[PDB]
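Asker:
Protein chains in written order, with PDB author numbering: chain A, 22 to 118, 124 to 205, 209 to 230; chain B, 26 to 118, 124 to 206, 209 to 230.
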């Protein structure tokens with residue numbers, strides 16, 4: 022059980038992050054100051070700086086949250102599903118607005139435009155790939171920890187995870203930069222390339 | 026003048042690689058790289074924001090050779106045949127690149143250097159898209175423009191780039209199977225039957 026104080030602090034932190042996203046979408050990064058985000062979240066600038074050193078750090082958790090929820094939904098999908106079914110199910114269940127499309131477009135574009143957010147997006151892409159390796163290894167290990175370790179060392183799983191990640195990333199980045210409506214569809218079509226993958230070639 | 030600037034940039038990168046290999050990242054400062062390259066710290070920071078960024082041009086050499094072999098592959102070859110040809114031509118004993131081995135292996139340890147390697151691999155995707163679109167365009171510049179907008183080409187380029195990157199990472203971290213070739217070709221098999229157009 023998490024203490025009531027910590028749950029309240031964690032809600033405040035998420036309200037600040039969402040206010041950062043809302044202003045960056047409305048009026049962009051350059052016009053937005055930490056003070057504007059604090060006012061938009063209904064807190065003092067001192068409260069802002071308790072959680073975040075900069076305005077870019079304030080949106081940084083939203084990139085990570087969506088990625089982590091997707092990876093978890095891949096691991097937790099019903100055990101009899103194939104890897105492509107689990108990956109596609111997890112996408113439909115966690116990456117359909124949960125991120126609003128107007129927000130995703132702007133945040134994905136800022137990952138290309140802002141130096142600070144380029145690094146945040148890179149860090150999320152890398153930890154999502156590592157997480158997918160661990161989720162795929164757990165789905166194939168039948169509970170055997172030593173089998174899970176051998177599979178997570180496999181170059182076949184490393185490659186499958188990079189393809190799964192690129193499926194969603196390329197859909198998102200390409201959708202964000204080109205005037209589609211549904212990055213979802215493209216992401217699912219991309220994921221179909223893993224049907225019949227040779228986990229032991 | 027630009028040729029002289031580009032030679033300086035590469036001399037800095039080679040100095041950085043030599044130190045990172047010989048004594049590792051933490052013992053190396055930007056100022057040590059600058060002295061080993063024979064330039065002032067102000068010159069170093071004109072080209073690179075951090076010491077790790079100094080080795081980008083060495084990772085970018087391998088990346089750009091692969092992208093160039095895709096564009097130059099015999100014209101009649103299909104995109105998957107061009108990608109296979111480019112891999113075979115790029116990843117066969124090309125001079126003694128066991129040098130690449132150690133720089134890629136160093137990325138495996140250091141977050142900051144892993145990010146530089148990742149950014150070079152990512153940049154290579156845009157070049158691959160442009161090279162593939164040119165081969166499929168039948169010469170027509172405005173067909174090449176429409177194709178380099180295709181989500182299917184963006185995805186195929188990412189998968190091709192992952193095929194070589196993930197094979198390179200695993201090869202680099204293995205004991206001194210010379211050449212990432214076989215892993216990269218197996219990886220590339222995932223693009224068999226892909227729909228390169230609508």
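C-beta atoms are modelled at their ideal positions from N, C-alpha and C, and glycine is treated no differently.
Does the beta carbon of residue 219 of chain B come closer than 9 Å to any beta carbon on chain A?
Answerer: Yes, residue 219 of chain B counts as interfacial toward chain A.
Asker: Any beta carbon from chain A within less than 9 Å of residue 215 of chain B's own beta carbon?
Answerer: yes
Asker: First and last residue of the alpha helix (DSSP H) that includes residue 212 of chain A?
Answerer: 212-220
Asker: Less than 6 Å between C-beta atoms, sequence neighbours within five positions excluded: which residues of the same chain meet that for residue 50 of chain B?
Answerer: Only residues of its own chain outside the window of five on either side were considered, and among them 140 have a CB closer than 6 Å to the CB of residue 50 of chain B, listed in chain order.
Asker: I think residue 104 of chain A touches residue 165 of chain A, with their Cβ atoms under 8 Å apart; what is that distance to the nearest whole Å?
Answerer: 6 Å
Asker: For chain A, is any of its Cβ atoms less than 9 Å away from the one on residue 144 of chain B?
Answerer: yes
Asker: If residue 91 of chain B sits next to residue 111 of chain B, beta carbons under 8 Å apart, how far is it from one beta carbon to the other, in whole angstroms?
Answerer: 6 Å
Asker: So, helix, strand or coil for residue 35 of chain A, using DSSP?
Answerer: helix
Asker: Can you have a look at residue 224 of chain B and say buried or exposed, based on whether 16 or more other CB atoms are within 10 angstroms of its CB?
Answerer: With fewer than 16 Cβ atoms within 10 Å of its Cβ, residue 224 of chain B is classed as exposed.
Asker: What residue does the alpha helix (DSSP H) around residue 95 of chain A start on, and which one ends it?
Answerer: First-last of the alpha helix (DSSP H) with residue 95 of chain A: 76-97.
Asker: So, residue 119 of chain A versus residue 83 of chain A, is the Cβ gap smaller than 9 Å?
Answerer: Since the model of chain A passes from 118 to 124 in one step, residue 119 of chain A is not part of what is shown.
Asker: Which residues of chain A have a Cβ atom closer than 7 Å to the Cβ of residue 192 of chain B, listed in chain order?
Answerer: 185, 188, 189 and 192
Asker: On the premise that residue 65 of chain B lies in contact with residue 59 of chain B, defined as a C-beta separation below 8 Å, what is that separation, rounded to the nearest angstrom?
Answerer: 6 Å
Asker: Identify the contact partners of residue 222 of chain B in chain A, using a Cβ-Cβ distance below 7 Å as the criterion.
Answerer: 189, 222 and 226
Asker: Whole angstroms is fine: what's the gap from residue 155 of chain A's alpha carbon to residue 55 of chain A's?
Answerer: 31 Å
Asker: Mapping the DSSP letters down to three states, classify residue 45 of chain B as helix, strand or coil.
Answerer: helix
Asker: Residues in the same chain with beta-carbon distance under 7 Å from residue 160 of chain B, minus the five sequence neighbours each way, listed in chain order, please.
Answerer: Closer than 7 Å at Cβ, skipping near neighbours: 178.
Asker: Would you call residue 181 of chain B buried or exposed, if buried means 16 or more other Cβ atoms sit within 10 Å of its Cβ?
Answerer: buried
Asker: Please classify residue 130 of chain B: does DSSP put it in a helix, a strand, or coil?
Answerer: helix
Asker: Please classify residue 168 of chain B: does DSSP put it in a helix, a strand, or coil?
Answerer: coil
Asker: Would residue 38 of chain B count as contacting chain A if we go by Cβ distances under 9 Å?
Answerer: no
Asker: Whole angstroms is fine: what's the gap from residue 67 of chain A's alpha carbon to residue 74 of chain A's?
Answerer: When rounded, the separation of the alpha-carbon atoms in residue 67 of chain A and residue 74 of chain A is 11 Å.
Asker: Can you list, in chain order, the residues of its chain whose CB lies under 6 Å from that of residue 109 of chain A, leaving out five sequence neighbours each side?
Answerer: 217 and 220
Asker: Would the beta-carbon of residue 115 of chain A fall within 9 Å of that of residue 81 of chain A?
Answerer: no
Asker: How is the alpha helix (DSSP H) around residue 209 of chain A delimited, first residue to last?
Answerer: That residue, residue 209 of chain A, is in no alpha helix (DSSP H); it is neither H nor E in DSSP.
Asker: Report the option in B:47, B:41, B:70 and B:71 whose CA atom is closest to the CA atom of residue 57 of chain B.
Answerer: B:41
Asker: Residues in the stretch 161-183 of chain B with C-beta within 8 Å of chain A's C-beta atoms, listed in sequence order?
Answerer: 179 and 181
Asker: Can you find the residues in the same chain that come closer than 7 Å, C-beta to C-beta, to residue 163 of chain A, ignoring five residues on each side of it along the sequence?
Answerer: Excluding residues within five positions, the ones whose Cβ falls inside 7 Å are 174, 177, 178 and 183.
Asker: Between which residues of its own chain and residue 70 of chain A is the CB-CB distance below 8 Å, once the five residues before and five after are set aside?
Answerer: 55
Asker: Of all Cβ atoms in chain A, is any one closer than 9 Å to the Cβ of residue 60 of chain B?
Answerer: no
Asker: In chain order, what residues of the same chain lie with their CB nearer than 8 Å to the CB of residue 149 of chain B, ignoring the 5 residues before and after it?
Answerer: 81
Asker: For residue 61 of chain B and residue 48 of chain B, what's the separation of their Cα atoms in angstroms?
Answerer: 13 Å
Asker: Using a Cβ cut-off of 8 Å, pull out every chain A residue sitting near residue 148 of chain B, in sequence order please.
Answerer: Listed along chain A are 148, 151 and 152, each with a C-beta nearer than 8 Å to that of residue 148 of chain B.
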